[PDB]
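Student: Have a look at this one before I ask anything.
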Amino acid sequence: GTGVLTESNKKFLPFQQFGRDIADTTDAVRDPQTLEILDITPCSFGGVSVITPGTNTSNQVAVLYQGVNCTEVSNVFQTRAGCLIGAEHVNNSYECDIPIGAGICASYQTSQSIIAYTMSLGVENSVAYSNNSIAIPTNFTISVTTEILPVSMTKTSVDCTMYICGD
Amino acid sequence: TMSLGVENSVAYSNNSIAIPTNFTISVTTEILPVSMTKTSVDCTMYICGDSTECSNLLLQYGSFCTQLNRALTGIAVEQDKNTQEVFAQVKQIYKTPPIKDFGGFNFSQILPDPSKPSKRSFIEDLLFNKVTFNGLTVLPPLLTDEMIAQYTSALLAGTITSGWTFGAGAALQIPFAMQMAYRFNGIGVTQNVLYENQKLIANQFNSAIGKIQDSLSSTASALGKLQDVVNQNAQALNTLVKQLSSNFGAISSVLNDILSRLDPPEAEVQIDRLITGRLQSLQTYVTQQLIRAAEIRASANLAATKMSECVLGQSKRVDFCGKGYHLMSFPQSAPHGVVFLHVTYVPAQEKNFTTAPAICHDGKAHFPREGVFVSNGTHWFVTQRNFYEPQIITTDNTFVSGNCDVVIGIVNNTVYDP
Amino acid sequence: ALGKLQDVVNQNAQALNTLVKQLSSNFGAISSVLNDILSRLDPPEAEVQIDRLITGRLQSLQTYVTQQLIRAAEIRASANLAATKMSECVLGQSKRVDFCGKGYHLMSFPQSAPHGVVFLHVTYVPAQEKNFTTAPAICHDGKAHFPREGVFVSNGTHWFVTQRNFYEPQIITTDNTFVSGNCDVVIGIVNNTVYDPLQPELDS
Amino acid sequence: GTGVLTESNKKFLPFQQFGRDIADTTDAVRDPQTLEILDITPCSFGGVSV
Ligand SMILES: *[C@@H]1O[C@H](CO)[C@@H](O[C@@H]2O[C@H](CO)[C@@H](O)[C@H](O)[C@H]2NC(C)=O)[C@H](O)[C@H]1NC(C)=O
Ligand SMILES: *[C@@H]1O[C@H](CO)[C@@H](O[C@@H]2O[C@H](CO)[C@@H](O)[C@H](O)[C@H]2NC(C)=O)[C@H](O)[C@H]1NC(C)=O
Ligand SMILES: *[C@@H]1O[C@H](CO)[C@@H](O[C@@H]2O[C@H](CO)[C@@H](O)[C@H](O)[C@H]2NC(C)=O)[C@H](O)[C@H]1NC(C)=O
Ligand SMILES: *[C@@H]1O[C@H](CO)[C@@H](O[C@@H]2O[C@H](CO)[C@@H](O)[C@H](O)[C@H]2NC(C)=O)[C@H](O)[C@H]1NC(C)=O
Ligand SMILES: *[C@@H]1O[C@H](CO)[C@@H](O[C@@H]2O[C@H](CO)[C@@H](O)[C@H](O)[C@H]2NC(C)=O)[C@H](O)[C@H]1NC(C)=O
Ligand SMILES: *[C@@H]1O[C@H](CO)[C@@H](O[C@@H]2O[C@H](CO)[C@@H](O)[C@H](O)[C@H]2NC(C)=O)[C@H](O)[C@H]1NC(C)=O
Ligand SMILES: *[C@@H]1O[C@H](CO)[C@@H](O[C@@H]2O[C@H](CO)[C@@H](O)[C@H](O)[C@H]2NC(C)=O)[C@H](O)[C@H]1NC(C)=O
Ligand SMILES: *[C@@H]1O[C@H](CO)[C@@H](O)[C@H](O)[C@H]1NC(C)=O
Ligand SMILES: *[C@@H]1O[C@H](CO)[C@@H](O)[C@H](O)[C@H]1NC(C)=O
Ligand SMILES: *[C@@H]1O[C@H](CO)[C@@H](O)[C@H](O)[C@H]1NC(C)=O
Ligand SMILES: *[C@@H]1O[C@H](CO)[C@@H](O)[C@H](O)[C@H]1NC(C)=O
Ligand SMILES: *[C@@H]1O[C@H](CO)[C@@H](O)[C@H](O)[C@H]1NC(C)=O
Ligand SMILES: *[C@@H]1O[C@H](CO)[C@@H](O)[C@H](O)[C@H]1NC(C)=O
Ligand SMILES: *[C@@H]1O[C@H](CO)[C@@H](O)[C@H](O)[C@H]1NC(C)=O
Ligand SMILES: *[C@@H]1O[C@H](CO)[C@@H](O)[C@H](O)[C@H]1NC(C)=O
Ligand SMILES: *[C@@H]1O[C@H](CO)[C@@H](O)[C@H](O)[C@H]1NC(C)=O
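In C-alpha cells, the structure reads:
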C-alpha cells in the first residue's frame, strides 16, 4: 500500500495484529519486529482548481489546492477551502467575482494581479429610526426589469437499436 | 382506528353571525432546508485508488469518470445559488439603532447578541446547538455561517425599522407602533384597535417569543427536516463507502491484495469486476444525489418565495406565512436551512349576534361600507368583521341601493343622520 | 443576461456530445468500431466483444436517459414557474413581493426567446424620501382621531395627513379621519385642531 | 460498412487514408484504385409515426 506511517495510541490487544475501518481497508498495523502500533493514513489528495479571469483579458491564473495545508505543496494564502497560490491577498472587501469558498472570493484587478479577499455582503446603512420619525417619498421612478425563464428544452429522441447496434 | 379530530358542529342559521371580541398574537416556527452538504468524489481515486493497472483498465470506460464530477460540481454550484437566493434578498446591510424603543415590543431574543463571537441571535444559537477520506471530499459553503447570520440580522433590522419598504426600494423608517398599525389595517382590523391595545399586543408578542425559545430549547424533536437532510446525506456517503468492501465476484475487495498475489494477465479480470461494481455504485450514488438536490432546490425556491413574500412584505395568501391572519415574519438562519417566526393574528373570543343583510330606514335599503350589521337583541350596530366594535348606524357607514322589496332577509330600524 | 437560457441549450448539447463520444470507447473489447470486430472474428469469438460493447453503450444510454429525465423535471419546474408568472404578473397585478420584479408591480409584457420567455416587469419604486415628525393619532376635543387612509405627518409647525407612498399633504379634516375613544389610551398622541368644513358653511 | 458513397470536397493529405468522425466512424475514405476522397453518409433512417 501507501500511506504516512505514524506512531499511534490505539491500544491493540496482544493477539490483535492490524486494525480496519468502515471500508475494511487497513488503517492501523502492528510492526512485525517492534510490536508497536503504526497508524496508516493516506498521504495527501486534493482537487486543483485554476481560478482564471477570461483569457480574452489575461493569461494569469491562481491555483487553489482544495483542502490541503500550505505546507504539503511568490504569494501563498491559506483559505479554509485550501491553499491558494499565485493570488494576492487584499485587506479590502468587494463583491464576489470568482467564488472560492468560506467567504473568500478572487478577482482580477489592479499592474494588474489576481486578488483574493473576503467578500462583502453590502454597504452598511444605519436607518435613522426613532419613535416619532417617518420618511415619506415625494417622488417615484418607474423601472423595467428583465426576468428570463427557460420553458422548453430540446425535444430529442434516440434509436436504441441503431445506436447500440448500428446496422 | 385513527381519529381525524374533535367533532364540532357549527350553529349556522340564516340570521346568526359570530364575531370575535379579542385576539391572540401567535408566533409559529417554520423550518425549511435550503441547502445540503457540498461533496465531490474523485472518480479515479475512489474506484482505482493509486493503481496504475486499475487506472488503465478504468480508462477503457470512456468518460464514465469525467461526467460524474461534472454533475457533482453542478450540484455544489446549485447549493451556493440556493443559499444566495434565499438569504441575499437585501441590497444593503441594515442595522438597528442603539435604542430598542419599538413601541413596547422586545426583539432581544431574535436580534444579534454582540457578546458572542459570531453575532447570531439567541434563537439562532439554540438552532445551531440543536443540530449536530477515501476520495470523497467535502467542500465548504461559499457563505460562512457568520455571513448568513449577518444577512438575517439585516433582514430583521429592515423589517423592524421600515416594515416592507426596505424590499421595495429605498428603506424608509417608520415608528414600529405605526408599522404594526399598518399591518393590522392590512388584515382588516382598523388601526384604532392596535393603538388602544398596544400594551396587550406587546405582552402577547413577547410571551409568544419566549414560548418559541422554550419550545426550541426543550423539544429536541423540532428541527426534524434539517436533521433528516443531514442524516440522509451522511447515510448516503456511508453506504457509498461501505460499497467498497464488496467483492462483486472478485476474489478480494482490496486492490493491493489482488495486485500483490496475481500476474496482470490474471489480475485484470478481478480488477475489471471490481471496477464495474464500484462504478455502478458510484453512478447510483450520483443519481440519488441529483434527485435529492432537485428536492432541496424545490425546497429552497419555496423558502426564497416565503422570504420574499412574508418577510419583505405582508402576504394575504392563506396559511402561506403561518396559520391565521399574517402580520409579519422574522427570519433566522439554521444549519443548512432557514427558520421563519411567523407572527399571526388569530381571533379568539367570539360572541353570537343576530345579523341582517341590510336595514330599511325610509324605504331605502342600507348596506354597510366596511363591516356587518349585528344586534344584541334590541339595538342594531355596524361593526367591523374581525373585532366587535359596535357603532351607531349612520348615513356614513352605510350606502343606499334601491328600495326594500328585493333584499332577502332585510330588517327594519332607524338610521341615524349626523 | 441570457445565461439562464444559454446554459439550457449548452447543457443539452453537452449530453449529446458525451453520448456520441461514448461510441469511441472500447468497454473492454478490441475496438470501438463494431464492423471491424464483425469482419475480423468469427461469431463464437465476436460474441464476447459485441456483448462488452453492447453493455457499455446501453449503460451509457441509460445514464443519458436518467440525466434527461432529471433535467426535464428541472425545466418543467421552471416552465410551471413561468406559467404562474404569466398568469399573475401579466394577466393581472400581483401583490407578491419580488415575485413580479423588485419594487411595486404595475404590469408586465411577455416576450418570446429561444426555448424561453422574458418578462419586462414594470415596477413603481419610491425615489426621494423626506423626514417627517409623525403621530399615531391626534386629539381634537378629547377624542382621538386616526386617518382613514394615510398617515399623519408634520413639517415641524403644522400637521397634515398624507398617503403613505407619496407625500401629498392635506389639511386634517373630519373627512380624512375617524374618531375612536378618549385621548388617553393611545400612546404618542399629539394635540391639533381638526378643521371641519361643515362649520364655515353653517355660519354662511 | 453501409453508406452512400458520394464524391467529396475534402482535402486529404498524400499520406492519409481514412477521414474519421467525432464518433470514430470512418466518414471519408480514399478509393485505392482511383485516389479520390469519398464521403460515407448513412443511407437514411427515422421514426415511423402512425
Ligand atoms: C421627480 O423626479 C424626476 C426624475 O425622475 C424629475 O424629473 C426631472 O426634472 C428635471 C427638472 O429640473 C429635468 O431636468 C429632468 O430631465 C427630469 N428627469 C427626467 C428623467 O425627465 C422630477 O422633476 C421630480 N419631481 C419633483 C417634484 O421633484
Ligand atoms: C383578551 O385576552 C387577554 C389575554 O390574552 C386579556 O388580558 C387578560 O386580562 C385579564 C383580566 O383583565 C388579566 O387577568 C390577564 O392578566 C390579562 N392577560 C394579559 C396577557 O394581559 C384581555 O382582557 C382580553 N380582552 C378583553 C376585552 O377582555
Ligand atoms: C427582552 O426580554 C429579555 C428576556 O429574554 C430581557 O432580558 C432580561 O432583563 C432582565 C432585566 O434587565 C434580567 O433580569 C434578565 O436576566 C434578562 N434576561 C435575559 C435572557 O437577557 C430584556 O430586558 C427585554 N428587553 C426589554 C427592552 O424589555
Ligand atoms: C344592547 O345594547 C344597547 C346599547 O349598547 C343597550 O342599551 C343601553 O343599555 C344601557 C344599560 O344600562 C343603558 O344605560 C343605555 O341607556 C341603553 N341605551 C339605549 C340606546 O338603549 C341595551 O341595554 C343592550 N341590551 C342587551 C340585552 O345587552
Ligand atoms: C318595516 O316597516 C315598513 C314601514 O314601516 C313596513 O311596511 C308596512 O307593512 C305593512 C304590513 O302589511 C303594510 O300594511 C304597510 O302599508 C307597510 N308600510 C310601508 C310604508 O311599507 C314593513 O312591513 C316593516 N317590516 C318589518 C319586517 O318590520
Ligand atoms: C410647514 O408647512 C406650512 C403649510 O404651508 C407652512 O405654512 C405656510 O408657509 C408659507 C411659506 O412662507 C406661507 O406663505 C403660508 O402663509 C404658510 N401657511 C400657514 C397656514 O402657515 C410652513 O411655513 C411650513 N414650515 C416650514 C418650516 O417650511
Ligand atoms: C392637549 O391639550 C389638553 C387640553 O387642551 C392638555 O390637557 C391639559 O394638560 C394640562 C397640563 O398637565 C393640565 O393641567 C390640564 O388639566 C389638562 N386638561 C385636560 C382637559 O386634559 C394636554 O396635556 C395636551 N397634550 C399634551 C401632550 O400636552
Ligand atoms: C530482532 O533482532 C535484532 C538483532 O538480532 C534485535 O535487535 C531485535 O531486538 C530483535 N527483535 C525481535 C522482536 O526479536
Ligand atoms: C474581449 O473583450 C472585449 C471587451 O471586454 C471585447 O470587445 C472583445 O470582443 C472580446 N474578445 C473576445 C475574443 O472575446
Ligand atoms: C498547517 O500546519 C501548521 C503547522 O503545524 C499548523 O499550525 C496549521 O494549523 C495547519 N493548518 C491546517 C489548515 O491544517
Ligand atoms: C491587513 O491588515 C493587518 C492588520 O492591519 C496586517 O497585519 C496585514 O498585513 C494586512 N494585510 C496585507 C496584505 O497587507
Ligand atoms: C352560539 O350559539 C350556539 C347554539 O348552541 C352555541 O353552540 C355557541 O357556543 C354560541 N356561541 C358561542 C361563542 O358560544
Ligand atoms: C330563516 O330561516 C328560518 C328557518 O325556519 C325561517 O323560519 C325564516 O323565515 C328564515 N328567514 C329568512 C329571512 O331567511
Ligand atoms: C432624517 O434625519 C436624520 C438625522 O441625522 C438624517 O440622518 C436622515 O438622512 C434624514 N432622512 C433622510 C431621508 O435623509
Ligand atoms: C420617544 O423616545 C424618546 C427618547 O427619550 C422619549 O423621550 C419620548 O417620550 C418617546 N416618545 C414616545 C411617543 O414614545
Ligand atoms: C490500376 O489499374 C487499372 C487498369 O490496369 C488502371 O486503369 C488504373 O489507373 C490503375 N490505378 C492507378 C492508381 O494507376
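Sequence lines, in order, name chains C, Y, B and W.
Positions 545 to 617, 637 to 673, 686 to 742 (the authors' numbering) are the ones given, in order, by the first sequence.
Positions 693 to 824, 852 to 1137 (the authors' numbering) are the ones given, in order, by the second sequence.
When we follow the authors' numbering, the leftmost residue of the third sequence carries the number 941, and every step to the right adds one.
When we follow the authors' numbering, the leftmost residue of the fourth sequence carries the number 545, and every step to the right adds one.
C-beta atoms are modelled at their ideal positions from N, C-alpha and C, and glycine is treated no differently.
Do we get a CB-CB distance below 9 Å when we pair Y914 (chain Y) with the residues of chain B?
Tutor: yes
Student: Between the stretch 708-726 of chain C and the stretch 1009-1022 of chain B, do three or more beta carbon pairs fall short of 8 Å?
Tutor: yes
Student: Check this for me: beta carbons of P1066 (chain Y) and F715 (chain Y), under 9 Å apart or not?
Tutor: yes
Student: Would you say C1079 (chain Y) and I1111 (chain Y) are within 9 Å of each other, going by their C-beta atoms?
Tutor: no
Student: Go ahead and pull the three-state DSSP assignment for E770 (chain Y).
Tutor: helix
Student: Would DSSP call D565 (chain C) helix, strand or coil?
Tutor: coil
Student: Within 9 Å of any Cβ in chain B, is that where the Cβ of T569 (chain W) sits?
Tutor: It does; some Cβ of chain B falls within 9 Å.
Student: Hey, quick one: how far does the alpha helix (DSSP H) through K1025 (chain B) stretch, first residue to last?
Tutor: 983-1025
Student: Output the residues surrounding ligand 4, defined as those with a CB atom closer than 5 Å to any ligand heavy atom, in chain order.
Tutor: Spelled out in chain order, the answer is Y:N1095, Y:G1096, Y:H1098.
Student: Would you check if the distance between the CB atom of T578 (chain C) and the CB atom of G545 (chain C) is smaller than 9 Å?
Tutor: no
Student: By the DSSP assignment, the alpha helix (DSSP H) with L956 (chain Y) in it spans what residues?
Tutor: Looking at the DSSP string, the run of the alpha helix (DSSP H) that includes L956 (chain Y) is 943-961.
Student: Does ligand 16 have even one heavy atom less than 8 Å from the beta-carbon of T578 (chain W)?
Tutor: Result yes, Cβ under 8 Å from ligand 16.
Student: Would you check if there are 3 or more beta carbon pairs closer than 8 Å linking the stretch 927-945 of chain Y to the stretch 794-806 of chain Y?
Tutor: yes
Student: Between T824 (chain Y) and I667 (chain C), what straight-line distance do the alpha-carbon atoms span, to the nearest angstrom?
Tutor: 25 Å
Student: From the DSSP output, in three-state form, read off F1039 (chain Y) for me.
Tutor: coil
Student: Which residue wins for smallest C-alpha separation from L819 (chain Y), given the options Y:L942, Y:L696, Y:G1043?
Tutor: Y:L942
Student: Which residues, taken in chain order from the stretch 962-986 of chain B, show a beta carbon closer than 8 Å to some beta carbon of chain Y?
Tutor: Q962, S964, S965, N966, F967, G968
Student: Expressed to the nearest angstrom, what Euclidean distance is found between the alpha-carbon atoms of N603 (chain C) and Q898 (chain Y)?
Tutor: 54 Å
Student: If you follow the beta strand (DSSP E) that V1058 (chain B) is in, where does it begin and where does it stop?
Tutor: 1056-1073
Student: Does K787 (chain Y) pass the burial test, meaning 16 or more other C-beta atoms within 10 Å, or should it be called exposed?
Tutor: buried
Student: Can you grab the Cα-Cα spacing for the pair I661 (chain C) / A669 (chain C), in whole Å?
Tutor: Separation of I661 (chain C) and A669 (chain C) (C-alpha to C-alpha, rounded to the nearest whole angstrom) is 5 Å.
Student: Would you list, in chain order, the members of the stretch 1055-1080 of chain B that have their beta-carbon closer than 7 Å to a beta-carbon of chain Y?
Tutor: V1065, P1066, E1069, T1074, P1076, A1077
Student: Any chance the stretch 981-995 of chain B sits against the stretch 946-959 of chain B, with 3 or more Cβ pairs inside 8 Å?
Tutor: no
Student: Counting only C-beta atoms, is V960 (chain B) closer than 9 Å to chain W at any point?
Tutor: yes
Student: Where does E816 (chain Y) land, buried or exposed, given buried means 16+ other C-beta within 10 angstroms?
Tutor: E816 (chain Y) should be labelled buried.
Student: Below 8 Å on the Cβ atoms is my guess for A703 (chain C) versus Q784 (chain Y); work out the distance and round it to an integer in Å.
Tutor: Contact flag wrong, Cβ pair sits at about 14 Å.
Student: If you measure beta-carbon to beta-carbon, which residues of the stretch 998-1015 of chain B are closer than 7 Å to chain Y?
Tutor: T1003, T1006, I1010, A1013, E1014
Student: Can you tell me whether DSSP reads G877 (chain Y) as helix, strand or coil?
Tutor: helix
Student: What does DSSP give as the partner residue(s) for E551 (chain W) in the beta ladder?
Tutor: W:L582
Student: One question on the structure: do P894 (chain Y) and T1117 (chain B) come within less than 9 Å of each other, judged by their Cβ atoms?
Tutor: Cβ atoms of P894 (chain Y) and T1117 (chain B): not closer than 9 Å.
Student: Please go through the same chain and pick out, in chain order, the residues whose beta-carbon is closer than 6 Å to the beta-carbon of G591 (chain C), but skip the five residues on each side of it.
Tutor: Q610
Student: Output yes if chain C places a C-beta closer than 9 Å to the C-beta of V1125 (chain B); else output no.
Tutor: So no, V1125 (chain B) is outside the interface.
Student: Taking the straight line between their C-alpha atoms, what separation do you get for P1054 (chain B) and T731 (chain C)?
Tutor: 16 Å
Student: Starting from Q672 (chain C) and walking both ways along the alpha helix (DSSP H), at which residues does that stretch end?
Tutor: From DSSP, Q672 (chain C) is part of no alpha helix (DSSP H) but of the beta strand (DSSP E) over 667-672.
Student: Is it the case that the Cβ atoms of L647 (chain C) and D583 (chain C) are separated by a distance below 9 Å?
Tutor: No, the pair does not count as a contact, with Cβ atoms beyond the cut-off.
Student: Quick check: is the beta carbon of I893 (chain Y) nearer than 9 Å to any beta carbon in chain B?
Tutor: yes
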